[PDB]
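*Asks:* experimental structure and its sequence below.
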Amino acid sequence: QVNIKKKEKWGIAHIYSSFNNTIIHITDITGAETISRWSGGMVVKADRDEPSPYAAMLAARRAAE
RNA sequence: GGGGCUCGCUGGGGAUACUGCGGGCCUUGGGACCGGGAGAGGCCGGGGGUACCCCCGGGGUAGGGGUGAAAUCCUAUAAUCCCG
């Protein structure tokens, strides 16, 4: 780590929004580094719940840690 | 005895509105010109950006695709995704 002056980091979060699935994907402000990728069909077992809001909160909570 | 008759013909005289023809004359129609003017009219040359796809490098893992459910099919020499 080369000295940080601000002591705050920022991560732009791309949100790709389908009626077949939801994808949440937060990267660094450049976009050149992928911390974490989590979708709505690892959370669940079935295709119907692949989208919805409830996958699209839980997917966006695992990343967030 | 009187009339009409397909009734498609002819000769002579007469009228001159209309029509024909001939001549003359005029701008209401038409055409024509000049100047201002809008438009996804046509053609030609020039040039920019969107998004989709594709290909290459990096980053990043367990999926994705698809449906009412599914399967065939995409992806593990790495897909989707994100960055260049």
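*Replies:* Sure, I can see it. Numbering: from 1, shown residues only, chains lettered A, B, ... in the order given.
*Asks:* only C-alpha atoms from now on, for both contacts and neighbour counts.
*Replies:* OK.
*Asks:* what's the burial count for residue A:63?
*Replies:* 15 (other Cα atoms under 10 Å).
*Asks:* typo on my end, it should be residue A:10
*Replies:* 10.
*Asks:* same question, residue A:24
*Replies:* Neighbours around residue A:24, by other Cα under 10 Å: 20.
*Asks:* got phi/psi on residue A:60?
*Replies:* phi -90, psi -10 (degrees, to the nearest 10).
*Asks:* doesn't residue A:38 make contact with it?
*Replies:* Yes: under the criterion of Cα atoms under 8 Å, residue A:60 makes contact with residue A:38 at 7.3 Å.
*Asks:* hey, what's in contact with both of those two?
*Replies:* residue A:24 (Cα atoms under 8 Å, 6 or more residues apart in numbering).
*Asks:* the strands in chain A, which residues?
*Replies:* Using DSSP state E, the strands of chain A run over A:13-17, A:22-26, A:36-39.
*Asks:* okay, helices next: where are they in chain A?
*Replies:* Listed in chain order, the helices of chain A (DSSP state H) span A:55-62.
*Asks:* close to RNA strand B: what parts of it are there?
*Replies:* Proximity of chain A to RNA strand B, by Cα under 7 Å from any atom of the strand, involves residues A:14, A:16, A:20-21, A:23, A:25, A:27, A:30-37, A:39-42, A:46-48, A:50.
*Asks:* repeat the analysis, applying 6 Å as the threshold.
*Replies:* Residues of chain A found near RNA strand B (Cα under 6 Å from any atom of the strand) are A:14, A:20-21, A:25, A:27, A:31-37, A:39-42, A:46-48.
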